[PDB]
Amino acid sequence: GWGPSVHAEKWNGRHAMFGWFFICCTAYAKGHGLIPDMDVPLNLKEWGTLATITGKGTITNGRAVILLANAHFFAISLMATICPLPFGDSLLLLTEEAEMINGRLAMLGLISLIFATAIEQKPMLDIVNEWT
Amino acid sequence: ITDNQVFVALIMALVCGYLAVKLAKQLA
Amino acid sequence: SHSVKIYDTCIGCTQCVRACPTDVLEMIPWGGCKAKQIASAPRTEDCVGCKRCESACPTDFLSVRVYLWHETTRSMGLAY
Amino acid sequence: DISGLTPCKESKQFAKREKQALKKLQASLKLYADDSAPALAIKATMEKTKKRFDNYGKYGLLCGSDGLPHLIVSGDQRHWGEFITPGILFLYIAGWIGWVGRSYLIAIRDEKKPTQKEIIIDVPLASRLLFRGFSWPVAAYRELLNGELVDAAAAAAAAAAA
Amino acid sequence: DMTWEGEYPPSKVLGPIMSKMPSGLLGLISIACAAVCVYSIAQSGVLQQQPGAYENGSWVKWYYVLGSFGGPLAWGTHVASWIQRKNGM
Amino acid sequence: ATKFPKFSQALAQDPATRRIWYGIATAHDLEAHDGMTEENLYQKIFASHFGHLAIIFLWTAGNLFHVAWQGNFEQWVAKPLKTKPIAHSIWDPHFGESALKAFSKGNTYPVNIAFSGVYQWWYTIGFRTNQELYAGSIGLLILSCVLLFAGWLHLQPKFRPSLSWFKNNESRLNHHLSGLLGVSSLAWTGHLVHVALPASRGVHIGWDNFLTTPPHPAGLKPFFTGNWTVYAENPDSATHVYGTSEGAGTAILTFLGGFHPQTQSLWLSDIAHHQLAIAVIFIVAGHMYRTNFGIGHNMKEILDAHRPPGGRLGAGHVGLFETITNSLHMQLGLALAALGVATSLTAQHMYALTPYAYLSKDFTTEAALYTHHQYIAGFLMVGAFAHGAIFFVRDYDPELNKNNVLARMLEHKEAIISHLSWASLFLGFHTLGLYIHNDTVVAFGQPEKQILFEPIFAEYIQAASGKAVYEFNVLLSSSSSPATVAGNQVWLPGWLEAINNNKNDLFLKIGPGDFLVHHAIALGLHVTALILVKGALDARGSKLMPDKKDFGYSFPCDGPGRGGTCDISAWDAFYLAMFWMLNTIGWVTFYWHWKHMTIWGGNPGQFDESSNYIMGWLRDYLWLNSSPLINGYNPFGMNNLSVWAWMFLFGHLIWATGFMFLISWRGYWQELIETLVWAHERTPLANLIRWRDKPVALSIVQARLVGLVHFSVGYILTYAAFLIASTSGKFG
Amino acid sequence: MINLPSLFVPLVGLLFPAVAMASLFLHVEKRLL
Amino acid sequence: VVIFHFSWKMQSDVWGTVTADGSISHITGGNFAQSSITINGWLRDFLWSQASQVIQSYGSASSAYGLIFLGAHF
Amino acid sequence: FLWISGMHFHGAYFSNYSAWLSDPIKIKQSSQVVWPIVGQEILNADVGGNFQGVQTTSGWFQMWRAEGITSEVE
Ligand code: CLA
Ligand code: CLA
Ligand code: CLA
Ligand SMILES: CCCCCCCCCCCCCCCC(=O)OC[C@H](COP(=O)(O)OC[C@@H](O)CO)OC(=O)CCCCCCCCCCCCCCC
Ligand SMILES: CC(=O)O[C@H]1CC(C)(C)C(=C=C/C(C)=C/C=C/C(C)=C/C=C/C=C(C)/C=C/C=C(\C)C(=O)C[C@@]23O[C@]2(C)C[C@@H](O)CC3(C)C)[C@](C)(O)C1
Ligand code: KC1
Ligand SMILES: CC1=C(C#C/C(C)=C/C=C/C(C)=C/C=C/C=C(C)/C=C/C=C(C)/C=C/[C@@]23O[C@]2(C)C[C@@H](O)CC3(C)C)C(C)(C)C[C@H](O)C1
Ligand SMILES: CC1=C(/C=C/C(C)=C/C=C/C(C)=C/C=C/C=C(C)/C=C/C=C(C)/C=C/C2=C(C)CCCC2(C)C)C(C)(C)CCC1
Ligand SMILES: CCCCCCCCCCCCO[C@@H]1O[C@H](CO)[C@@H](O[C@H]2O[C@H](CO)[C@@H](O)[C@H](O)[C@H]2O)[C@H](O)[C@H]1O
Ligand code: SF4
């Protein structure tokens with residue numbers, strides 16, 4: 001693959017579709033959801049200069065939980081490239097087309113999300129709120 | 001002082017980085 | 001490999017051939033000097049480039065001449 | 001005067017240097033008894049020091065704001081003793097050596113073993129030659145307008161280039 | 001073609017206009033140019049000295065500047081005249 | 001070739017690690033690539049020039065972006081005397097808590113203080129807000145995209161220009177003088193008149209009102225009528241708050257001379273007029289050569305006609321036209337020599353005649369700027385002679401310049417070298433002997449016995465320019481002289497005021513300490529030249545190697561025969577000269593810095609007395625000024641200057657590792673690696689892994705280049721460390 | 001934004017060189033090219 | 001490094017004078033445990049601090065050591 | 001032997017051995033004296049015992065005391 005191949009259209013479609021579920025889950029959760037101690041930083045005394053924005057200003061618990069939740073889904077995939085199954089899909093070499101038209105559409109919304117944020121001074125969860 | 005100004009500046013740097021990778025391809 | 005050239009001022013006194021540590025030069029029949037023999041470089045691919053041949057040549061300037069060339073495993077002098 | 005310098009006999013800072021140099025040796029002198037060898041040595045040192053300041057005061061040298069003597073080498077004839085007169089002196093002795101040494105090499109050149117006489121000097125011959133360089137400006141001039149000073153261009157070996 | 005040998009260079013080095021011209025005219029022109037340059041410089045100096053004429057760079061005049069520029073012209077013309085004389089012209 | 005070096009079939013078939021090292025280091029030597037033709041050569045270089053031009057504008061666009069985004073430009077413009085300017089912010093996960101508090105003293109976050117002087121520069125050209133700085137950075141990012149597109153566009157086959165276009169000297173020169181230098185100078189004068197001057201007077205002119213606001217009340221009527229005197233009328237008053245309209249003039253083209261009384265910098269209207277007068281000279285000068293219009297000169301016809309009839313210069317300049325056009329190394333060598341003189345000239349004129357508002361106030365930047373252009377001037381100069389040698393080896397044609405002015409230089413090469421050697425020996429013996437005499441004399445307690453020559457010549461020059469402190473009454477410093485009577489009206493009074501003011505840089509007070517250092521600087525220049533000129537003239541051959549041109553520019557040696565021949569190549573002369581450049585710039589930078597530290601400290605006499613002997617330099621300059629640097633960090637704690645202290649030690653280490661590559665040679669190392677290759681092949685579980693390139697020791701010429709880079713990078717980083725923190729740690 | 005340096009500096013300092021050193025290694029050791 | 005180690009350890013932790021009640025005052029005052037663990041500490045407390053004698057020896061009887069100091073750097 | 005014979009000779013004619021033997025806590029050691037010719041006498045330090053010389057650090061004095069020297073004649 002490695003470019004505008006059919007495979008790379010199929011893999012990135014699977015990430016878009018999975019991504020919409022991750023954005024809508026937070027949209028439900030940052031938008032009146034059970035996130036605890038959402039906007040208060042971590043501790044410089046406990047985490048260090050890795051956790052800081054500038055000076056000692058530390059990332060909030062909201063940003064940390066979302067980043068670490070992304071690393072949960074990242075690391076289990078990173079396994080699937082390095083040690084793939086003998087029967088699974090290979091990188092870097094209701095059953096069909098349904099991926100290819102949803103995964104096209106799912107890649108079409110995210111770019112049209114980023115249009116609708118750079119214009120209206122609105123973060124990406126408000127536009128998902130307007131779309132319900 | 002605006003966040004949107006910073007975003008515009010690195011889209012043009014991304015277009016610039018693409019013309020550089022393309023310029024080197026041809027020098028080789 | 002390296003390049004070893006032999007000029008006509010060669011008086012044929014066999015001293016380069018006796019100094020070569022990797023058997024690159026030899027003496028051949030020639031009818032242009034008193035000794036009727038000239039040096040020749042038939043196996044320049046064994047040439048390591050140490051220039052012992054030029055340290056032995058009595059003419060001024062030298063009759064034998066070594067020029068640096070692309071290096072193989074043989075001219076690098078490797079035992080591995 | 002030249003460069004806003006003052007003469008050393010009229011410099012307030014040159015006089016302070018003279019006093020402090022003597023005071024330093026007097027405070028060292030007080031720790032010894034008067035007839036002993038360290039007291040006679042430091043007393044002789046303060047005489048040498050005091051004569052060093054007196055000499056400069058009348059010398060005609062120039063001092064700065066630092067209080068130290070300065071030397072003028074523009075070519076003024078009024079400050080000749082500073083560079084010209086010791087300059088002409090050095091030229092006489094340096095050109096004397098170079099001339100005499102060259103006479104030696106040229107003399108022992110026409111010989112079986114010239115190299116033998118450079119490690120082992122023919123002293124009777126060398127001694128004779130050494131004192132013939134007292135009139136070198138005349139001897140170096142006779143050979144320039146003879147042809148025996150400089151060789152021709154077809155006698156010097158030259159690098160392949162030129 | 002430009003390279004020359006001997007005591008003096010060929011007439012062609014001067015240029016198309018100069019080579020055609022006689023030595024005498026060139027010499028006279030060079031003298032005139034020299035006179036113009038010196039006079040202009042002197043006048044400019046006088047203006048600089050003068051009260052009420054030197055304020056805000058009023059002393060500078062276009063013609064005097066032209067004469068000053070003309071000094072170099074006077075040198076070249078005299079050299080050209082010498083070359084012309086050498087080429088029997 | 002099918003290996004990593006695709007341009008050298010002979011380097012791509014090497015089984016050792018040397019192949020990797022050489023493909024990197026010969027990548028730009030375009031003439032030596034496999035199957036290189038002349039037309040393809042000029043095209044590759046041309047497109048390489050575009051990509052180089054874009055990196056410069058991308059670099060500039062960076063510096064504009066970081067200050068606009070993280071600097072204190074707006075706060076600096078308001079109070080340029082108290083606030084420290086901000087390079088960029090720091091984000092390093094390796095910092096302790098006390099590090100974040102040490103680098104954020106006086107601010108909100110971790111930050112680097114700038115010593116580039118871009119602040120003072122941008123201030124005087126008009127900039128006042130962060131929005132303007134940001135807009136300027138976007139315009140340089142767009143310009144870099146255009147240059148990267150042009151480089152590609154000129155490699156296309158229909159846009160690749162022919163060999164005869166690259167050799168059209170008469171056109172290129174015409175366009176570069178009148179267009180690249182003249183019109184740019186003209187355009188720069190337009191910026192000063194419309195934006196720069198108005199901003200210094202409290203008037204804001206931007207892209208929204210420059211078309212409806214004239215820069216002068218008269219408004220171009222005086223220009224077309226020949227009334228040019230109106231642009232000099234009513235200049236800034238003596239007491240004019242800079243940046244405000246309080247005491248503002250209206251004049252746009254003056255000739256005041258000296259400095260603005262408030263910023264201690266040059267008058268903006270003096271700079272505008274200077275750029276305009278220069279613009280007229282370069283535009284006129286660009287009409288000298290004939291380019292398909294009939295009128296003009298032929299360069300070849302000029303050069304062939306210049307042979308003095310006395311015969312002293314031989315055949316004159318016949319053949320030089322062909323040798324310059326048919327060789328890029330001679331062109332490159334002439335271009336590097338003029339830039340090295342130019343960037344050295346900018347280092348001397350900037351510290352003496354400070355052009356930017358508030359320059360020579362931020363003591364550290366002045367010290368950073370002067371030593372930055374002097375070290376770069378040294379590399380350029382050494383690179384000029386290095387390419388001069390390359391020309392003789394593979395470009396000089398002896399039959400083409402028979403009896404030429406160039407050929408005659410080789411015909412008495414032994415004279416030049418032997419005489420350059422005499423001057424060097426003379427300066428070395430006496431300058432070193434005088435310093436040592438002063439050292440022993442002071443060591444013995446008799447400093448009144450020192451030999452201190454007064455620098456009469458330099459002082460005379462100063463007196464002729466107007467300096468009335470040496471009581472010479474020569475020229476501009478004597479009132480009844482035609483030089484000063486003509487000069488009083490136009491610009492003399494501003495110059496005399498500035499030249500006689502002590503708190504300046506215009507002709508510093510020089511003494512016998514200024515005399516000894518100059519002869520050391522002389523010695524440095526002569527020895528460096530000796531090595532570079534000897535390397536260029538003996539590049540084609542010598543007594544020890546009469547066929548040197550057959551081996552090229554760079555090669556190891558000629559073996560241990562006929563005595564031994566280490567460092568015989570012309571490349572080796574360059575390598576040996578590098579040490580001298582670093583050494584003679586180091587004597588210049590120590591001298592310039594020490595002389596200022598004592599003027600700023602308020603005790604100029606300290607340098608006037610201790611600079612006579614060496615111990616003075618070692619104790620009152622080096623040992624006495626290293627205190628705040630090496631206290632950057634200690635057991636008690638660390639400060640803002642900890643990085644300079646860490647960099648100071650860093651430099652000493654790289655310099656010292658450079659000694660390893662320069663003293664210990666190759667066949668020691670080759671034998672060592674053979675035991676390592678053996679060990680790796682005999683150890684179980686490490687045997688499964690194996691190199692694809694036989695490990696070998698670096699070659700003879702590679703060790704010299706590496707040892708040189710360490711000695712160089714260590715040399716420059718440890719002085720940068722010293723000069724910046726000794727000035728910023730004392731601020732005076 | 002003000003959140004940008006904690007995103008780029010690991011990417012530029014650790015990620016970009018690890019990809020670039022990997023890419024050059026593959027190119028330098030590739031036989032027919 | 002051996003003689004540097006010996007010259008500094010003896011001056012920091014042995015050599016010195018005393019007064020009443022055994023009050024030991026060392027030569028460099030016990031700076032050896034917290035100043036020799038870094039290169040900067042070796043450069044600033046051993047080489048820079050203890051240089052003050054040889055560089056300020058002019059006009060005194062130990063001024064030959066100041067000249068031989070420079071002579072050996074040369 | 002010539003080297004050793006010199007040292008003992010310097011300790012007998014150009015030293016302050018006797019004054020050192022009487023009070024070896026205050027008198028500094030010295031076995032070398034320089035001639036005064038170009039201002040170099042400053043190297044004769046004020047050592048003690050009505051003596052001026054260069055301080056020597058070879059330990060000749062201490063070695064002589066341990067042998068039970070006590071006199072220049074010896
Ligand atoms: C920010 C970066 C990022 C993120 C968020 C993701 C996200 C994802 N990648 Mg990934 N990927 C990335 C970068 C990223 N990728 C990069 C750079 C690469 C290298 C090119 C890859 C290469 C890659 C590959 C090759 C694969 C992924 C896959 C996946 C998916 C895994 C989701 C999953 O399995 O759960 C959702 C799916 C399920 C089936 C859920 C199963 C539920 C289990 C059983 C847990 C439920 C238990 C419950 C919680 C109770 C706990 C029980 C306990 C108490 C006992 C998801 C789409 C994989 C994929 O799409 O297949 C799934 C896959 O094969 N990725
Ligand atoms: C008016 C038309 C014009 C203009 C503006 C340019 C402009 C340029 N050409 Mg160009 N060119 C032209 C016509 C023109 N050309 C024509 C017609 C030809 C064909 C015959 C060429 C052929 C050509 C080639 C073959 C190349 C260029 C290159 C360049 C670039 C030079 C590098 C640079 O940025 O320097 C900018 C420099 C300055 C702004 C000036 C710097 C200041 C210097 C140092 C002057 C010193 C000041 C002063 C005099 C000092 C004196 C003081 C004294 C006491 C020492 C530049 C963009 C080169 C390039 O990079 O290609 C992309 C290149 O290789 N040109
Ligand atoms: C406009 C200026 C200019 C141009 C066009 C050239 C162009 C050229 N030069 Mg040249 N040169 C220049 C300036 C210039 N040079 C200067 C200023 C000097 C003086 C230093 C030299 C000295 C010089 C020599 C001695 C030689 C050349 C050679 C060459 C040719 C091949 C270069 C090559 O293969 O590089 C390959 C590129 C490299 C090897 C990269 C080297 C990177 C260096 C080592 C610095 C890296 C250290 C790094 C910055 C340290 C980081 C520190 C950090 C840890 C803190 C090429 C024609 C060579 C040749 O073969 O000509 C026939 C040759 O022998 N030049
Ligand atoms: C000095 C180093 C500078 C850097 C090097 C740059 C090159 C500079 C060298 C070029 C000029 C060479 C000039 C000498 C070589 C030389 O000039 O010979 C040649 C030169 C002119 O000869 P030409 O070859 O041009 O022949 C013309 C004749 O044949 C007439 O047709 O002679 C001159 O008269 C020059 C002009 C006046 C010369 C003398 C007058 C100057 C007075 C100076 C005072 C002397 C001191 C006296 C003390 C008591
Ligand atoms: C009919 C006939 O036969 O006539 C006869 C007459 C006569 C007299 C017998 C003959 C003769 C001999 C002649 C004609 C001799 C002539 C000699 C002559 C005319 C010699 C000029 C030199 C000019 C120089 C050096 C200019 C320097 C100019 C310089 C150095 C400048 O920089 C000028 C300038 O700096 C200023 C000052 C300032 C600026 O504002 C402008 C610039 C910067 C550019 C002839 C040849 O036989 C012909
Ligand atoms: C969130 C989870 C989600 C799931 C789980 C899901 C599942 C399937 N979609 Mg789907 N989907 C959306 C989301 C999801 N879809 C959204 C937001 C849209 C509007 C943009 C939508 C668009 C379309 C269109 C246009 C088609 C389509 C189909 C199928 C199909 C089985 C095909 C088969 O095998 O027969 C399956 C299983 C095709 C179809 O129904 O064919 C008879 C077909 O044309 N979808
Ligand atoms: C062809 C054509 C034309 C056209 C066209 C068109 C329409 C081109 C369109 C191209 C288009 C539409 C390209 C989008 C890519 C979007 C991607 C790759 C999304 C990635 C998103 C991914 C991989 C998911 C990331 C995340 O999961 C992560 C990693 C973690 C989560 O926390 C967050 C989310 C879930 C986000 C023209 C212009 C008309 C010309 C001609 O006429 C015909
Ligand atoms: C080797 C080689 C080369 C190189 C060279 C070089 C590198 C050189 C350099 C050179 C140089 C680097 C030079 C410099 C010079 C300078 C000068 C020559 C100056 C001048 C000056 C003057 C003359 C004057 C001035 C003045 C004025 C103007 C006025 C005021 C005052 C005065 C007087 C000061 C080449 C390339 C050719 C090639 C071949 C080989
Ligand atoms: C190699 C990769 C390097 C590239 C990294 C570049 C990162 C690009 C970041 C783009 C940001 C897109 O994400 C979206 O941006 C918009 C831009 O206002 C934000 O919109 C923002 O509006 C205002 C700013 O005016 C903020 O005060 C508000 O908090 C926020 O909502 C959204 O909250 C954010 O979700
Ligand atoms: S090349 Fe030299 S050594 Fe060999 S035969 Fe000729 S003279 Fe003898």
Side-chain angles (χ1 to χ4, degrees), chain C residues 1-27 33 38-41 43-68 71-80, chain F residues 1 3 5 8-19 21-22 26 34 541-565 568-569 666-667 670-671 673-682 690-691 693-697 699-701:
Chain C
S1 288
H2 295 318
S3 210
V4 176
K5 298 293 184 182
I6 296 94
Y7 297 78
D8 79 357
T9 61
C10 176
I11 62 171
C13 67
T14 65
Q15 296 294 322
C16 71
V17 180
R18 288 168 198 272
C20 195
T22 60
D23 190 2
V24 176
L25 322 147
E26 66 183 2
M27 296 301 291
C33 76
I38 191 168
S40 178
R43 314 166 270 276
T44 59
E45 70 275 16
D46 292 330
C47 187
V48 298
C50 64
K51 295 174 170 270
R52 289 179 185 180
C53 38
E54 294 178 355
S55 178
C57 172
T59 61
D60 182 75
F61 208 42
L62 324 153
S63 295
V64 64
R65 191 98 257 224
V66 185
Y67 302 97
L68 273 222
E71 329 243 10
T72 71
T73 166
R74 269 167 227 173
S75 67
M76 210 104 268
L78 312 184
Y80 49 90
Chain F
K3 253 336 228 319
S8 180
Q9 151 73 192
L11 267 186
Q13 294 189 270
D14 185 353
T17 61
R18 160 189 198 269
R19 154 182 86 93
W21 289 124
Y22 273 59
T26 61
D34 290 334
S542 60
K543 285 320 274 220
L544 225 206
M545 188 177 174
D547 60 332
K548 220 196 265 187
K549 51 189 180 104
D550 287 344
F551 297 67
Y553 176 61
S554 167
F555 57 98
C557 54
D558 208 36
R562 64 208 189 269
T565 60
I568 195 130
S569 88
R666 178 172 212 276
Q670 179 49 211
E671 283 170 1
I673 296 169
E674 292 178 353
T675 62
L676 293 173
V677 175
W678 177 87
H680 188 281
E681 273 195 42
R682 299 300 185 219
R690 198 72 42 105
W691 53 80
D693 307 273
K694 304 179 166 159
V696 291
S699 67
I700 299 167
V701 172

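Lettering of chains follows the sequences in order, A, B, ..., and the numbering in each one begins at 1. Note: hydrogens, waters and symmetry copies are ignored here, and every other heavy atom, side chains too, is used.
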Give, for atom CE of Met76(C) and atom NZ of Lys694(F), the distance between the pair rounded to the nearest 0.5 Å. 10.0 Å
Nearest 0.5 Å, please: how far is CZ in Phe555(F) from OH in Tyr67(C)? 11.5 Å
Heavy-atom closest pair (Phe61(C) atom, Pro546(F) atom, distance to 0.1 Å) is CZ-CD, 3.6 Å
Could you work out, with side-chain contact (heavy atoms from CB on, under 4.5 Å) as the rule, every residue matching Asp693(F), not counting sequence neighbours? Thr17(F), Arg19(F), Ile20(F), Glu29(G)
Are there over 12 heavy-atom neighbours, none belonging to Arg74(C), within less than 6.0 Å of that residue's CZ? no
Could you walk me through whether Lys51(C) and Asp558(F) pass the side chain to side chain contact (heavy atoms under 4.5 Å, CB included) test, one step at a time? CA-CA 8 Å; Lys51(C) 295 174 170 270; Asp558(F) 208 36; 3.4 Å; yes
To the nearest 0.5 Å, tell me how far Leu78(C) CG sits from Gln670(F) CD. 6.5 Å
Which value, rounded to the nearest 0.5 Å, describes the distance between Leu676(F) atom CG and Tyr80(C) atom OH? 9.5 Å
Which residue pairs satisfy the side-chain hydrogen bond (donor to acceptor under 3.5 Å, both in side chains) criterion with at least one member in residues 542-557 of chain F, sequence neighbours excluded? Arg65(C)-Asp547(F)
